[PDB]
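[1] sharing an experimental structure here, sequence included.
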Amino acid sequence: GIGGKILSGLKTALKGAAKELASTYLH
């Protein structure tokens, strides 16, 4: 169950929030 705590920070920061923040520039 631990992955749904840790990756919900780490992957969300890496390519959720830093997809949207970077979205104009990279897409």
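    Right, received. Where do you want to start? Residues are numbered from 1 along each chain as shown.
[2] pull the residues that contact the helix or strand encompassing residue 18.
    Residue 18 is part of helix 18-20 when elements are defined by DSSP states H and E. Helix 18-20 has contacts (Cβ atoms under 8 Å, 6 or more residues apart in numbering) with residue 26. The way it works is simple: take the backbone N, C-alpha and C, and place the C-beta from them, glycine included.
[3] separation between residue 20 and residue 4?
    The spacing between residue 20 and residue 4, counted by Cβ to Cβ, to the nearest Å, is 21 Å.
[4] and the lengthiest helix in the chain, how far from the chain's centre?
    Secondary structure assigned by DSSP state H gives helix 3-12 as the longest helix of the chain. Chain-centre distance of helix 3-12: 8 Å, with Cα atoms, centre = their mean, to the nearest Å.
[5] tell me which strands and helices that helix is in contact with?
    Judged by 3 or more Cβ pairs under 8 Å, 6 or more residues apart in numbering; DSSP states H and E, helix 3-12 has no packing partners among the helices and strands.
[6] please put the alpha-carbon coordinates of it into CSV.
    Output in CSV follows, covering the C-alpha atoms of helix 3-12 (Å, rounded to 0.1, in the frame of the first residue of the first chain):
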residue,chain,number,x,y,z
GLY,A,3,3.5,3.0,-3.1
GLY,A,4,0.1,4.8,-3.0
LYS,A,5,1.6,7.1,-0.4
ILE,A,6,5.2,7.6,-1.7
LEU,A,7,4.6,7.7,-5.5
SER,A,8,1.5,10.0,-5.0
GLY,A,9,4.1,12.5,-3.9
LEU,A,10,7.2,11.6,-6.0
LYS,A,11,5.6,10.7,-9.4
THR,A,12,3.0,13.5,-9.0
